[PDB]
Amino acid sequence: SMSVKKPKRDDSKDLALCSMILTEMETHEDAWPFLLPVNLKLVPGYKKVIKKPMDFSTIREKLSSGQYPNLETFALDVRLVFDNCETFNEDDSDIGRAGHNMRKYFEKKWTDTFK
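Residues numbered from 1 in each chain as written, not as in the entry; some residues may be left out. Heavy atoms only, no water. Residues with missing side-chain atoms left out of burial classes, pairs and counts.

- Structure determination for this entry, per the PDB record, employed X-ray crystallography and reached 1.8800 Å resolution.

Below, the structure written as structure tokens:
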């Protein structure tokens, strides 16, 4: 509360560390469904159904330009990518499986880097 603070967690490396995680996600072989924004002209149903599209290239631009106020807002956009994928793709599809794999990969990197 006022003039009463928990000890200051060092967040000075968070930008660099999120960048490295994002690099590792970018270079994963199952990243291909997620590298660029879904083409909203060419994928029927996407625009109406997925209220907040997100992809790695959009996260990367947001990261590079100081649009994440903290590491939790960064994790929320990464998770959004996978939540969107699950909303639109069957579990038993290449893209559906890619999404589950990438989410797993991300969550472990996140835990090991920050928890």
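Past the structure itself, the notes keep going.
1. Focus: the nonpolar core
Okay, step 1: Residues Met25, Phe56, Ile59, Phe74, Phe82, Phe106 and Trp110 are the most contacted members of the largest nonpolar core, which totals 24 residues.
Okay, step 2: Every element with two or more residues in this core is listed here: α1 (14–27), α3 (56–64), α4 (71–88) and α5 (94–114).
Okay, step 3: In this structure, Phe106 is in contact with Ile21, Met25, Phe74, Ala75, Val78, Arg79 and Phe82, ignoring residues within four places of it in sequence. (Core = buried A, V, L, I, M, F, W, Y, C linked by side-chain atoms within 4.5 Å. Buried < 20%, exposed > 50% of the residue type's maximum accessible area, 1.4 Å probe, protein only. Helix = DSSP H or I, 4+ residues; strand = E, 2+ residues; numbered from the N terminus. Contact = heavy atoms within 4.5 Å.)

2. A word on α3
Okay, step 1: Residues of α3 that are buried include every one of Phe56, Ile59, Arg60 and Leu63, and no others. With its buried residues spanning 100 degrees around the axis, α3 presents them on a single face.
Okay, step 2: Looking at the buried positions of α3, the neighbouring elements they touch are α1, α4 and α5.
Okay, step 3: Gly66, located one to two residues past α3, shows a positive phi value of around 65 degrees. (Arc of directions from axis to C-beta.)

3. So, the packing of α3 against α4
Okay, step 1: Closest axis-to-axis distance for the α3/α4 pair is 10 Å, and the angle between their directions is 170 degrees. Taken as axis vectors, α3 and α4 run roughly antiparallel relative to one another. Note on element contacts: α4 touches α3 through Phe74, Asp77, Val78, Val81 and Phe82, opposite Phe56, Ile59, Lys62 and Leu63.
Okay, step 2: By residue class, the composition of the contact of α3 with α4 is 7 nonpolar, no polar and 2 charged. (Axes fitted to C-alpha atoms, helices over the stretch in contact; angles between N-to-C directions. Parallel < 35°, antiparallel > 145°, perpendicular 65-115°, else oblique. Nonpolar A, V, L, I, M, F, W, Y, C, P; charged D, E, K, R; others polar.)

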